């Protein structure tokens, strides 16, 4: 069901998505160990993900949540990085595959820092890094993140020791 529509670098949408990527990079306490060492990205491609069914499933739920929360979906745009990205664009997100407990338990994780999502593209802690070079700081191999529309509803506030 999913089609991917390539956006052109002078599309305003390409530009605002890239700026959100670039501007939400921070330093990490592992000094780069998981996600590698960098201050910015080289964006290679941005594709709009279009799946009528996943969209309808999303908005239907968005509406339920909104009604439970004084007509406030609390919709954000957030990064997701993991090895599940190729499956997710085809099947949508599936909490049944999101069973590993993180800082905030089992579930589907998103980040405001693109660079945080980048730590997970090759697995937990960066796994063994890129498939080709086994290098968590690989500057050659292509990475993929998703920039997602996420319904938070009434969000439980969990202060972290981080």
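Throughout, rigid core stands for the largest set of C-alpha atoms superposing within 1.5 Å between the two forms. Residue numbers count along the first chain shown, from 1.
Of the two segments 125-133 and 99-107, the one whose CA positions lie farther from the displayed form in 9 other deposited structures of this protein, once all are superposed on the rigid core, is 99-107. Mean CA B-factor, 72-80 versus 85-93: the higher value falls on 85-93. Stretches 125-133 and 110-118 differ in mean C-alpha B factor, with the higher average recorded for 125-133. Which of 34, 100, 65, 46 has the largest Cα B-factor in the deposited entry comes down to 100. The deposited CA B-factor of residue 149 belongs to the lowest third of values across its chain. Placement of the Cα temperature factor of residue 143 within the chain: lowest third of the modelled residues, per the deposited record. Per the deposited record, the Cα B-factor of residue 41 falls in the lowest third when ranked against the other modelled residues of its chain.
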